[PDB]
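Following: one structure in structure tokens, then a few remarks.
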Amino acid sequence: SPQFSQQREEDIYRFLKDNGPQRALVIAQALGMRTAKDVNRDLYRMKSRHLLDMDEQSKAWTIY
Amino acid sequence: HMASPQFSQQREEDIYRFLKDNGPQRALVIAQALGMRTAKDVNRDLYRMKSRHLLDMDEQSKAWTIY
DNA sequence: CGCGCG
DNA sequence: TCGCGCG
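Residue numbers (the deposited numbering), protein chains in the order written: chain A, -1, 103 to 165; chain B, -4 to -1, 103 to 165.
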């Protein structure tokens, strides 16, 4: 199973599981926030833990 | 008969005076010299002053100068 | 405008 | 590549 330190990481993961790959502004807005900056530190931390991947060209995030 | 340049903020006048006497210098140096902590404390102001042609930045050294 | 950086 | 100025 994926290991989440904060429940909000699961919220991101499930959003991407449910809706396919999306940019950080979409993850943020879907979860009640505004911009990529509201979630990017979480996304890159999750990427470092092989929870998510990002396509560097489209900037879309997806589950790992 | 007013002095030149005119600065809209004390911060801008302080940056300009620091660079006139010491410059060029990196943003991290300017931030510390004005009692702040990192480049993030002055970058918004430096690029705004650059857009008004009050300062320039050397791309190679990253040091800011009075224009 | 990508920015992940405390 | 800590470059980053971004609201």
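We treat Cβ as the ideally placed atom computed from N, Cα and C, and that holds for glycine.
Given residue i as reference, the closest of the options once Cα atoms are compared
{"i": "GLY133/A", "options": "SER149/A, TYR145/A, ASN120/A, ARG109/A", "result": "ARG109/A"}
{"i": "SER159/B", "options": "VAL127/B, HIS(-4)/B, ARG150/B, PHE105/B", "result": "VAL127/B"}
Beta-carbon proximity of residue i to residue j, cut-off 8 Å
{"i": "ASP154/A", "j": "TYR165/A", "result": "yes"}
{"i": "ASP143/B", "j": "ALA129/B", "result": "no"}
{"i": "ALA125/B", "j": "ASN141/B", "result": "yes"}
{"i": "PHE116/B", "j": "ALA137/B", "result": "no"}
Three-state secondary structure assigned by DSSP to residue i
{"i": "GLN158/A", "result": "coil"}
Terminal residues of the alpha helix (DSSP H) in which residue i lies
{"i": "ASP143/B", "result": "141 to 149"}
{"i": "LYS118/B", "result": "108 to 120"}
{"i": "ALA131/B", "result": "125 to 131"}
Whole-angstrom C-beta distance between residue j and residue i, which should lie under 8 Å
{"i": "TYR114/B", "j": "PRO103/B", "result": "7 Å"}
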